[PDB]
Amino acid sequence: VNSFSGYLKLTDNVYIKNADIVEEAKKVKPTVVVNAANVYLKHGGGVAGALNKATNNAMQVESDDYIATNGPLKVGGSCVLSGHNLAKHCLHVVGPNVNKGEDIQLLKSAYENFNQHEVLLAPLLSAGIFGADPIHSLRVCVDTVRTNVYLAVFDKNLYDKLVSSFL
Ligand SMILES: Cc1cc(C)nc(N)n1
């Protein structure tokens with residue numbers, strides 16, 4: 001049993017809810033929250049900006065030190081950093097950004113990072129301002145992630161479309 005509440009079950013291991021990932025993290029304090037990161041860990045706007053704002057910019061400070069030491073992530077890659085006030089850990093995962101021309105086949109590689117963690121609270125990778133089709137992102141998630149993933153969908157309209165169209 002875990003603390004996640006109000007989710008619709010899509011598969012054996014994938015659950016979904018209409019919720020802002022910042023309010024859900026604050027309530028649950030999951031072991032892992034996933035950030036929709038870029039390779040520079042610049043959490044300017046989007047999911048990353050919303051999570052970073054909720055940490056009072058401490059996520060950005062920690063991320064700048066990570067990049068100064070290690071250099072940029074790969075598209076499709078990830079790193080584990082602190083979850084600050086939101087979670088034990090934040091798994092920063094880089095899905096391909098369609099608005100930068102990145103290979104959508106890298107979305108499967110991005111979701112494979114989730115398999116290193118038994119339970120996660122996550123957004124749909126490459127959705128929102130990363131430009132991918134969220135219906136596609138949910139299909140890749142279900143077909144790639146084998147660990148238990150609790151997806152937070154920010155848009156009520158999009159949530160209802162993801163559920164209604166789910167095969
Ligand atoms: C305030 C907010 C929350 C989420 C999940 N994303 C964005 N872009 N902004």
# chains A, B, ... in the order shown; residues from 1 in each chain; ligands from 1

call {"tool": "residues_near_ligand", "arguments": {"ligand": "ligand 1", "cutoff": "8 Å", "atoms": "only C-alpha atoms and all ligand atoms", "output": "number ranges by chain"}}
result
A: 19-22, 45-51, 123, 128-129, 152-154

call {"tool": "write_last_selection", "arguments": {"atoms": "C-alpha atoms", "output": "compact mmCIF listing (two decimals), in the first residue's frame"}}
result
# COMPACT_ATOMS: atom_id res chain seq x y z
CA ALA A 19 -3.41 17.33 -10.58
CA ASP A 20 -0.64 19.94 -10.50
CA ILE A 21 2.58 17.92 -9.80
CA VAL A 22 3.78 20.69 -7.34
CA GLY A 45 9.48 27.70 -17.03
CA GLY A 46 7.20 24.68 -17.51
CA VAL A 47 7.13 21.66 -15.11
CA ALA A 48 10.77 22.44 -14.14
CA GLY A 49 10.00 26.14 -13.45
CA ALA A 50 6.92 25.19 -11.38
CA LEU A 51 8.90 22.59 -9.29
CA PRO A 123 4.56 14.18 -15.47
CA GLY A 128 3.46 20.55 -22.53
CA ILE A 129 6.10 23.02 -23.74
CA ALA A 152 -0.01 13.94 -12.68
CA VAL A 153 -1.75 15.61 -15.69
CA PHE A 154 -2.08 19.43 -15.19

call {"tool": "residues_around", "arguments": {"residues": "residue 29 in chain A", "least_positions_apart": "3", "cutoff": "9 Å", "atoms": "only C-alpha atoms", "output": "PDB file with N, CA and C atoms, in the first residue's frame"}}
result
ATOM      1  N   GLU A  24       0.707  17.931  -5.573  1.00  0.00           N
ATOM      2  CA  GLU A  24       0.730  16.504  -5.279  1.00  0.00           C
ATOM      3  C   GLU A  24       1.997  16.117  -4.510  1.00  0.00           C
ATOM      4  N   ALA A  25       3.145  16.635  -4.954  1.00  0.00           N
ATOM      5  CA  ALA A  25       4.416  16.348  -4.266  1.00  0.00           C
ATOM      6  C   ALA A  25       4.367  16.872  -2.819  1.00  0.00           C
ATOM      7  N   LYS A  26       3.904  18.098  -2.675  1.00  0.00           N
ATOM      8  CA  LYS A  26       3.807  18.720  -1.321  1.00  0.00           C
ATOM      9  C   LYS A  26       2.957  17.863  -0.379  1.00  0.00           C
ATOM     10  N   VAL A  32      10.370   9.681  -4.844  1.00  0.00           N
ATOM     11  CA  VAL A  32      10.877  10.254  -6.117  1.00  0.00           C
ATOM     12  C   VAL A  32       9.784  11.092  -6.784  1.00  0.00           C
ATOM     13  N   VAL A  33      10.111  12.348  -7.092  1.00  0.00           N
ATOM     14  CA  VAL A  33       9.331  13.150  -8.043  1.00  0.00           C
ATOM     15  C   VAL A  33      10.201  13.301  -9.293  1.00  0.00           C
ATOM     16  N   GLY A  83      15.203  16.139  -3.598  1.00  0.00           N
ATOM     17  CA  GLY A  83      13.805  16.543  -3.770  1.00  0.00           C
ATOM     18  C   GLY A  83      13.414  17.757  -2.968  1.00  0.00           C
ATOM     19  N   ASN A  85      11.973  20.279  -0.566  1.00  0.00           N
ATOM     20  CA  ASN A  85      10.747  20.251   0.240  1.00  0.00           C
ATOM     21  C   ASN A  85       9.652  19.458  -0.449  1.00  0.00           C
ATOM     22  N   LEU A  86       9.892  18.897  -1.616  1.00  0.00           N
ATOM     23  CA  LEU A  86       8.825  18.234  -2.392  1.00  0.00           C
ATOM     24  C   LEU A  86       8.850  16.717  -2.290  1.00  0.00           C
ATOM     25  N   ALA A  87       9.985  16.095  -2.077  1.00  0.00           N
ATOM     26  CA  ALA A  87      10.184  14.646  -2.217  1.00  0.00           C
ATOM     27  C   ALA A  87      11.521  14.301  -1.584  1.00  0.00           C
ATOM     28  N   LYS A  88      11.804  13.034  -1.358  1.00  0.00           N
ATOM     29  CA  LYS A  88      13.170  12.667  -0.953  1.00  0.00           C
ATOM     30  C   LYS A  88      14.171  13.025  -2.056  1.00  0.00           C
TER      31      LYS A  88
END

call {"tool": "residues_around", "arguments": {"residues": "residue 124 in chain A", "least_positions_apart": "3", "cutoff": "7 Å", "atoms": "only C-alpha atoms", "output": "number ranges by chain"}}
result
A: 127, 134, 137-138, 151

call {"tool": "write_last_selection", "arguments": {"atoms": "N, CA and C atoms", "output": "JSON list (two decimals), in the first residue's frame"}}
result
[["chain", "number", "residue", "atom", "x", "y", "z"],
["A", 127, "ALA", "N", 5.68, 16.22, -22.94],
["A", 127, "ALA", "CA", 4.38, 16.91, -23.10],
["A", 127, "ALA", "C", 4.56, 18.39, -22.77],
["A", 134, "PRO", "N", 0.83, 14.32, -26.07],
["A", 134, "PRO", "CA", 0.72, 13.64, -24.77],
["A", 134, "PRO", "C", 0.10, 12.24, -24.85],
["A", 137, "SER", "N", 2.97, 10.13, -25.57],
["A", 137, "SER", "CA", 3.82, 10.04, -24.37],
["A", 137, "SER", "C", 3.24, 9.01, -23.40],
["A", 138, "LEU", "N", 1.92, 9.04, -23.18],
["A", 138, "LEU", "CA", 1.29, 8.05, -22.29],
["A", 138, "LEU", "C", 1.46, 6.64, -22.85],
["A", 151, "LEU", "N", 1.09, 9.28, -12.52],
["A", 151, "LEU", "CA", 1.20, 10.40, -13.48],
["A", 151, "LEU", "C", 0.26, 11.49, -13.04]]

call {"tool": "atom_distance", "arguments": {"atom1": "CA of residue 38 in chain A", "atom2": "CA of residue 140 in chain A"}}
result
19.1 Å

call {"tool": "closest_residue", "arguments": {"among": "A:130, A:166, A:114, A:66", "to": "residue 147 in chain A", "atoms": "only C-alpha atoms"}}
result
A:114

call {"tool": "closest_atom_pairs", "arguments": {"of": "range 24-143 of chain A", "to": "range 8-12 of chain A", "cutoff": "12 Å", "atoms": "only C-alpha atoms", "output": "CSV"}}
result
residue,atom,partner,partner_atom,distance
A:138,CA,A:10,CA,10.1
A:139,CA,A:10,CA,10.7
A:141,CA,A:11,CA,10.8
A:142,CA,A:11,CA,7.5
A:143,CA,A:11,CA,10.1

call {"tool": "atom_distance", "arguments": {"atom1": "CA of residue 115 in chain A", "atom2": "CA of residue 77 in chain A"}}
result
12.5 Å

call {"tool": "atom_distance", "arguments": {"atom1": "CA of residue 52 in chain A", "atom2": "CA of residue 71 in chain A"}}
result
19.6 Å

call {"tool": "select_by_dssp", "arguments": {"residues": "chain A", "states": "strand (DSSP E or B)", "output": "PDB file with N, CA, C and O atoms, in the first residue's frame"}}
result
ATOM      1  N   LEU A   8      -6.745   7.069 -11.180  1.00  0.00           N
ATOM      2  CA  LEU A   8      -7.367   6.045 -12.043  1.00  0.00           C
ATOM      3  C   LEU A   8      -6.256   5.057 -12.388  1.00  0.00           C
ATOM      4  O   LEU A   8      -5.123   5.478 -12.749  1.00  0.00           O
ATOM      5  N   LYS A   9      -6.545   3.767 -12.343  1.00  0.00           N
ATOM      6  CA  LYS A   9      -5.576   2.718 -12.674  1.00  0.00           C
ATOM      7  C   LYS A   9      -5.654   2.471 -14.157  1.00  0.00           C
ATOM      8  O   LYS A   9      -6.756   2.108 -14.665  1.00  0.00           O
ATOM      9  N   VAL A  14       0.674   1.500 -13.904  1.00  0.00           N
ATOM     10  CA  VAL A  14       0.554   2.922 -14.283  1.00  0.00           C
ATOM     11  C   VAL A  14      -0.787   3.454 -13.806  1.00  0.00           C
ATOM     12  O   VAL A  14      -1.855   2.854 -14.124  1.00  0.00           O
ATOM     13  N   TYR A  15      -0.736   4.576 -13.142  1.00  0.00           N
ATOM     14  CA  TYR A  15      -1.879   5.283 -12.556  1.00  0.00           C
ATOM     15  C   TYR A  15      -1.872   6.708 -13.048  1.00  0.00           C
ATOM     16  O   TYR A  15      -0.767   7.274 -13.308  1.00  0.00           O
ATOM     17  N   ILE A  16      -3.014   7.367 -13.109  1.00  0.00           N
ATOM     18  CA  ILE A  16      -3.097   8.761 -13.647  1.00  0.00           C
ATOM     19  C   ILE A  16      -4.096   9.581 -12.858  1.00  0.00           C
ATOM     20  O   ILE A  16      -5.180   9.040 -12.432  1.00  0.00           O
ATOM     21  N   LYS A  17      -3.840  10.866 -12.727  1.00  0.00           N
ATOM     22  CA  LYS A  17      -4.736  11.785 -11.988  1.00  0.00           C
ATOM     23  C   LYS A  17      -4.641  13.180 -12.596  1.00  0.00           C
ATOM     24  O   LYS A  17      -3.535  13.591 -13.038  1.00  0.00           O
ATOM     25  N   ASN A  18      -5.741  13.932 -12.625  1.00  0.00           N
ATOM     26  CA  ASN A  18      -5.714  15.386 -12.923  1.00  0.00           C
ATOM     27  C   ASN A  18      -5.241  16.086 -11.671  1.00  0.00           C
ATOM     28  O   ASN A  18      -5.971  16.165 -10.713  1.00  0.00           O
ATOM     29  N   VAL A  32      10.370   9.681  -4.844  1.00  0.00           N
ATOM     30  CA  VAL A  32      10.877  10.254  -6.117  1.00  0.00           C
ATOM     31  C   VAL A  32       9.784  11.092  -6.784  1.00  0.00           C
ATOM     32  O   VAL A  32       8.714  10.546  -7.101  1.00  0.00           O
ATOM     33  N   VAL A  33      10.111  12.348  -7.092  1.00  0.00           N
ATOM     34  CA  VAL A  33       9.331  13.150  -8.043  1.00  0.00           C
ATOM     35  C   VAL A  33      10.201  13.301  -9.293  1.00  0.00           C
ATOM     36  O   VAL A  33      11.414  13.586  -9.196  1.00  0.00           O
ATOM     37  N   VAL A  34       9.601  13.127 -10.444  1.00  0.00           N
ATOM     38  CA  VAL A  34      10.298  13.335 -11.734  1.00  0.00           C
ATOM     39  C   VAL A  34      10.103  14.776 -12.191  1.00  0.00           C
ATOM     40  O   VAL A  34       9.000  15.285 -12.203  1.00  0.00           O
ATOM     41  N   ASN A  35      11.217  15.398 -12.588  1.00  0.00           N
ATOM     42  CA  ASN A  35      11.205  16.700 -13.256  1.00  0.00           C
ATOM     43  C   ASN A  35      11.337  16.499 -14.755  1.00  0.00           C
ATOM     44  O   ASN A  35      12.135  15.676 -15.217  1.00  0.00           O
ATOM     45  N   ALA A  36      10.600  17.289 -15.495  1.00  0.00           N
ATOM     46  CA  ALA A  36      10.708  17.452 -16.959  1.00  0.00           C
ATOM     47  C   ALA A  36      11.852  18.403 -17.261  1.00  0.00           C
ATOM     48  O   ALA A  36      11.657  19.587 -17.549  1.00  0.00           O
ATOM     49  N   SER A  78      19.224  11.214 -17.480  1.00  0.00           N
ATOM     50  CA  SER A  78      18.682  11.650 -16.193  1.00  0.00           C
ATOM     51  C   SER A  78      19.784  11.812 -15.160  1.00  0.00           C
ATOM     52  O   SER A  78      20.907  11.258 -15.348  1.00  0.00           O
ATOM     53  N   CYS A  79      19.466  12.478 -14.087  1.00  0.00           N
ATOM     54  CA  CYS A  79      20.297  12.441 -12.866  1.00  0.00           C
ATOM     55  C   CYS A  79      19.386  12.516 -11.678  1.00  0.00           C
ATOM     56  O   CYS A  79      18.271  13.050 -11.770  1.00  0.00           O
ATOM     57  N   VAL A  80      19.863  11.980 -10.572  1.00  0.00           N
ATOM     58  CA  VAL A  80      19.157  12.035  -9.284  1.00  0.00           C
ATOM     59  C   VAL A  80      19.728  13.157  -8.444  1.00  0.00           C
ATOM     60  O   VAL A  80      20.955  13.148  -8.175  1.00  0.00           O
ATOM     61  N   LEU A  81      18.911  14.087  -8.017  1.00  0.00           N
ATOM     62  CA  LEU A  81      19.324  15.177  -7.106  1.00  0.00           C
ATOM     63  C   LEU A  81      18.335  15.225  -5.952  1.00  0.00           C
ATOM     64  O   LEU A  81      17.421  14.373  -5.854  1.00  0.00           O
ATOM     65  N   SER A  82      18.516  16.171  -5.072  1.00  0.00           N
ATOM     66  CA  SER A  82      17.598  16.315  -3.954  1.00  0.00           C
ATOM     67  C   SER A  82      16.178  16.608  -4.400  1.00  0.00           C
ATOM     68  O   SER A  82      15.933  17.307  -5.362  1.00  0.00           O
ATOM     69  N   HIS A  89      13.879  12.562  -3.262  1.00  0.00           N
ATOM     70  CA  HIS A  89      14.754  12.733  -4.429  1.00  0.00           C
ATOM     71  C   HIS A  89      13.945  13.350  -5.557  1.00  0.00           C
ATOM     72  O   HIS A  89      12.751  13.076  -5.711  1.00  0.00           O
ATOM     73  N   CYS A  90      14.663  14.065  -6.442  1.00  0.00           N
ATOM     74  CA  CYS A  90      14.119  14.462  -7.758  1.00  0.00           C
ATOM     75  C   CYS A  90      14.905  13.742  -8.827  1.00  0.00           C
ATOM     76  O   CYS A  90      16.161  13.901  -8.878  1.00  0.00           O
ATOM     77  N   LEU A  91      14.219  12.983  -9.657  1.00  0.00           N
ATOM     78  CA  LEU A  91      14.814  12.390 -10.856  1.00  0.00           C
ATOM     79  C   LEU A  91      14.586  13.351 -11.995  1.00  0.00           C
ATOM     80  O   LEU A  91      13.456  13.509 -12.503  1.00  0.00           O
ATOM     81  N   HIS A  92      15.645  14.051 -12.409  1.00  0.00           N
ATOM     82  CA  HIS A  92      15.587  14.998 -13.538  1.00  0.00           C
ATOM     83  C   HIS A  92      15.738  14.201 -14.820  1.00  0.00           C
ATOM     84  O   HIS A  92      16.806  13.592 -15.022  1.00  0.00           O
ATOM     85  N   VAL A  93      14.706  14.112 -15.636  1.00  0.00           N
ATOM     86  CA  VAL A  93      14.705  13.297 -16.857  1.00  0.00           C
ATOM     87  C   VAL A  93      14.535  14.217 -18.045  1.00  0.00           C
ATOM     88  O   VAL A  93      13.624  15.035 -18.058  1.00  0.00           O
ATOM     89  N   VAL A 119       8.935   3.274  -7.212  1.00  0.00           N
ATOM     90  CA  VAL A 119       7.710   4.107  -7.231  1.00  0.00           C
ATOM     91  C   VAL A 119       8.091   5.541  -7.590  1.00  0.00           C
ATOM     92  O   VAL A 119       9.033   6.084  -6.993  1.00  0.00           O
ATOM     93  N   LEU A 120       7.308   6.191  -8.424  1.00  0.00           N
ATOM     94  CA  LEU A 120       7.589   7.599  -8.821  1.00  0.00           C
ATOM     95  C   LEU A 120       6.303   8.367  -8.993  1.00  0.00           C
ATOM     96  O   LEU A 120       5.311   7.800  -9.539  1.00  0.00           O
ATOM     97  N   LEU A 121       6.339   9.640  -8.670  1.00  0.00           N
ATOM     98  CA  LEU A 121       5.353  10.652  -9.087  1.00  0.00           C
ATOM     99  C   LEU A 121       5.949  11.363 -10.287  1.00  0.00           C
ATOM    100  O   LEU A 121       7.094  11.870 -10.203  1.00  0.00           O
ATOM    101  N   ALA A 122       5.240  11.482 -11.387  1.00  0.00           N
ATOM    102  CA  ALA A 122       5.850  11.994 -12.645  1.00  0.00           C
ATOM    103  C   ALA A 122       4.850  12.743 -13.483  1.00  0.00           C
ATOM    104  O   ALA A 122       3.646  12.437 -13.463  1.00  0.00           O
ATOM    105  N   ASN A 148       6.259   1.277 -10.613  1.00  0.00           N
ATOM    106  CA  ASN A 148       4.935   1.882 -10.336  1.00  0.00           C
ATOM    107  C   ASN A 148       5.006   3.393 -10.497  1.00  0.00           C
ATOM    108  O   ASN A 148       5.690   4.090  -9.719  1.00  0.00           O
ATOM    109  N   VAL A 149       4.269   3.892 -11.446  1.00  0.00           N
ATOM    110  CA  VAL A 149       4.316   5.319 -11.825  1.00  0.00           C
ATOM    111  C   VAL A 149       2.933   5.944 -11.654  1.00  0.00           C
ATOM    112  O   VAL A 149       1.927   5.381 -12.148  1.00  0.00           O
ATOM    113  N   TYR A 150       2.928   7.056 -10.948  1.00  0.00           N
ATOM    114  CA  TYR A 150       1.735   7.874 -10.649  1.00  0.00           C
ATOM    115  C   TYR A 150       1.867   9.146 -11.471  1.00  0.00           C
ATOM    116  O   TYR A 150       2.756  10.012 -11.173  1.00  0.00           O
ATOM    117  N   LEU A 151       1.093   9.276 -12.525  1.00  0.00           N
ATOM    118  CA  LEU A 151       1.199  10.396 -13.482  1.00  0.00           C
ATOM    119  C   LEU A 151       0.263  11.487 -13.042  1.00  0.00           C
ATOM    120  O   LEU A 151      -0.980  11.268 -12.859  1.00  0.00           O
ATOM    121  N   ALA A 152       0.786  12.717 -12.965  1.00  0.00           N
ATOM    122  CA  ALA A 152      -0.008  13.936 -12.682  1.00  0.00           C
ATOM    123  C   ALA A 152      -0.147  14.708 -13.982  1.00  0.00           C
ATOM    124  O   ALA A 152       0.873  15.106 -14.579  1.00  0.00           O
ATOM    125  N   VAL A 153      -1.398  14.860 -14.442  1.00  0.00           N
ATOM    126  CA  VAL A 153      -1.754  15.609 -15.686  1.00  0.00           C
ATOM    127  C   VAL A 153      -2.339  16.962 -15.253  1.00  0.00           C
ATOM    128  O   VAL A 153      -3.379  16.970 -14.566  1.00  0.00           O
TER     129      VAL A 153
END

call {"tool": "select_by_dssp", "arguments": {"residues": "range 12-94 of chain A", "states": "alpha helix (DSSP H)", "output": "mmCIF file with C-alpha atoms, in the first residue's frame"}}
result
data_model
loop_
_atom_site.group_PDB
_atom_site.id
_atom_site.type_symbol
_atom_site.label_atom_id
_atom_site.label_comp_id
_atom_site.auth_asym_id
_atom_site.auth_seq_id
_atom_site.Cartn_x
_atom_site.Cartn_y
_atom_site.Cartn_z
ATOM 1 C CA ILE A 21 2.581 17.917 -9.798
ATOM 2 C CA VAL A 22 3.780 20.691 -7.341
ATOM 3 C CA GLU A 23 0.631 20.304 -5.014
ATOM 4 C CA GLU A 24 0.730 16.504 -5.279
ATOM 5 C CA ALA A 25 4.416 16.348 -4.266
ATOM 6 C CA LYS A 26 3.807 18.720 -1.321
ATOM 7 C CA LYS A 27 0.943 16.457 -0.074
ATOM 8 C CA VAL A 28 2.506 12.963 -0.666
ATOM 9 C CA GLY A 46 7.197 24.677 -17.506
ATOM 10 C CA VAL A 47 7.130 21.657 -15.115
ATOM 11 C CA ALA A 48 10.773 22.440 -14.141
ATOM 12 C CA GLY A 49 9.996 26.137 -13.452
ATOM 13 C CA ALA A 50 6.917 25.187 -11.384
ATOM 14 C CA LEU A 51 8.904 22.592 -9.287
ATOM 15 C CA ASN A 52 11.877 24.931 -8.963
ATOM 16 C CA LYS A 53 9.658 27.866 -7.853
ATOM 17 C CA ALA A 54 8.135 25.616 -5.145
ATOM 18 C CA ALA A 58 17.054 25.760 -4.214
ATOM 19 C CA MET A 59 16.559 23.195 -7.043
ATOM 20 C CA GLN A 60 18.226 25.637 -9.507
ATOM 21 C CA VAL A 61 21.132 26.374 -7.122
ATOM 22 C CA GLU A 62 21.801 22.632 -6.671
ATOM 23 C CA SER A 63 21.407 22.048 -10.427
ATOM 24 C CA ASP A 64 23.903 24.776 -11.367
ATOM 25 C CA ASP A 65 26.524 23.140 -9.115
ATOM 26 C CA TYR A 66 25.720 19.715 -10.742
ATOM 27 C CA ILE A 67 26.240 21.120 -14.257
ATOM 28 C CA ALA A 68 29.417 23.006 -13.293
ATOM 29 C CA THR A 69 30.875 19.653 -12.081
ATOM 30 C CA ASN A 70 29.443 17.145 -14.619
#

call {"tool": "closest_residue", "arguments": {"among": "A:104, A:163, A:132, A:73", "to": "residue 42 in chain A", "atoms": "only C-alpha atoms"}}
result
A:73

call {"tool": "decode", "arguments": {"residues": "range 90-159 of chain A", "atoms": "C-alpha atoms", "output": "mmCIF file, in the first residue's frame"}}
result
data_model
loop_
_atom_site.group_PDB
_atom_site.id
_atom_site.type_symbol
_atom_site.label_atom_id
_atom_site.label_comp_id
_atom_site.auth_asym_id
_atom_site.auth_seq_id
_atom_site.Cartn_x
_atom_site.Cartn_y
_atom_site.Cartn_z
ATOM 1 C CA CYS A 90 14.119 14.462 -7.758
ATOM 2 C CA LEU A 91 14.814 12.390 -10.856
ATOM 3 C CA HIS A 92 15.587 14.998 -13.538
ATOM 4 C CA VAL A 93 14.705 13.297 -16.857
ATOM 5 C CA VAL A 94 15.320 14.844 -20.291
ATOM 6 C CA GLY A 95 12.692 13.938 -22.816
ATOM 7 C CA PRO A 96 13.192 15.133 -26.405
ATOM 8 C CA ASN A 97 11.960 18.681 -27.060
ATOM 9 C CA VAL A 98 10.060 18.674 -30.400
ATOM 10 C CA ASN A 99 10.248 22.563 -30.402
ATOM 11 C CA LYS A 100 14.122 22.060 -30.676
ATOM 12 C CA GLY A 101 13.923 19.255 -33.357
ATOM 13 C CA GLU A 102 15.000 16.263 -31.102
ATOM 14 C CA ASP A 103 14.342 12.595 -32.108
ATOM 15 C CA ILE A 104 10.978 11.459 -30.611
ATOM 16 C CA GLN A 105 12.446 7.844 -30.518
ATOM 17 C CA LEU A 106 14.468 9.218 -27.547
ATOM 18 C CA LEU A 107 11.220 9.347 -25.535
ATOM 19 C CA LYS A 108 11.452 5.580 -24.850
ATOM 20 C CA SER A 109 15.062 6.003 -23.599
ATOM 21 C CA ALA A 110 13.856 8.871 -21.337
ATOM 22 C CA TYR A 111 11.122 6.682 -19.759
ATOM 23 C CA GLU A 112 13.602 3.806 -19.220
ATOM 24 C CA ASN A 113 15.165 5.938 -16.440
ATOM 25 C CA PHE A 114 11.980 5.423 -14.408
ATOM 26 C CA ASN A 115 12.713 1.666 -14.175
ATOM 27 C CA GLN A 116 15.596 2.404 -11.740
ATOM 28 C CA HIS A 117 13.019 3.509 -9.117
ATOM 29 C CA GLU A 118 10.315 1.300 -7.587
ATOM 30 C CA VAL A 119 7.710 4.107 -7.231
ATOM 31 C CA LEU A 120 7.589 7.599 -8.821
ATOM 32 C CA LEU A 121 5.353 10.652 -9.087
ATOM 33 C CA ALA A 122 5.850 11.994 -12.645
ATOM 34 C CA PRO A 123 4.563 14.183 -15.465
ATOM 35 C CA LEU A 124 4.152 12.924 -19.003
ATOM 36 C CA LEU A 125 7.604 13.287 -20.594
ATOM 37 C CA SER A 126 7.970 15.565 -23.603
ATOM 38 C CA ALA A 127 4.379 16.910 -23.101
ATOM 39 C CA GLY A 128 3.465 20.553 -22.529
ATOM 40 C CA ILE A 129 6.105 23.020 -23.739
ATOM 41 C CA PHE A 130 8.327 20.119 -24.971
ATOM 42 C CA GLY A 131 5.910 19.818 -27.901
ATOM 43 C CA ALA A 132 5.172 16.062 -28.138
ATOM 44 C CA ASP A 133 1.676 14.552 -28.396
ATOM 45 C CA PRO A 134 0.721 13.642 -24.772
ATOM 46 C CA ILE A 135 -1.347 10.646 -26.029
ATOM 47 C CA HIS A 136 1.861 9.275 -27.552
ATOM 48 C CA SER A 137 3.818 10.039 -24.370
ATOM 49 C CA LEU A 138 1.290 8.050 -22.289
ATOM 50 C CA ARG A 139 1.507 5.085 -24.712
ATOM 51 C CA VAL A 140 5.344 5.053 -24.509
ATOM 52 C CA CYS A 141 5.129 5.330 -20.706
ATOM 53 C CA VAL A 142 2.802 2.302 -20.441
ATOM 54 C CA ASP A 143 4.890 0.267 -22.866
ATOM 55 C CA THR A 144 8.279 1.172 -21.257
ATOM 56 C CA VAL A 145 7.930 1.714 -17.509
ATOM 57 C CA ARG A 146 7.621 -1.490 -15.453
ATOM 58 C CA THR A 147 7.881 0.172 -11.992
ATOM 59 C CA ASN A 148 4.935 1.882 -10.336
ATOM 60 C CA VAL A 149 4.316 5.319 -11.825
ATOM 61 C CA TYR A 150 1.735 7.874 -10.649
ATOM 62 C CA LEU A 151 1.199 10.396 -13.482
ATOM 63 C CA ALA A 152 -0.008 13.936 -12.682
ATOM 64 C CA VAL A 153 -1.754 15.609 -15.686
ATOM 65 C CA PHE A 154 -2.076 19.431 -15.192
ATOM 66 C CA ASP A 155 -4.805 20.070 -17.837
ATOM 67 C CA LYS A 156 -8.294 18.770 -16.838
ATOM 68 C CA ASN A 157 -9.255 18.833 -20.518
ATOM 69 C CA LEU A 158 -6.133 16.831 -21.467
ATOM 70 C CA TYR A 159 -6.603 14.402 -18.558
#
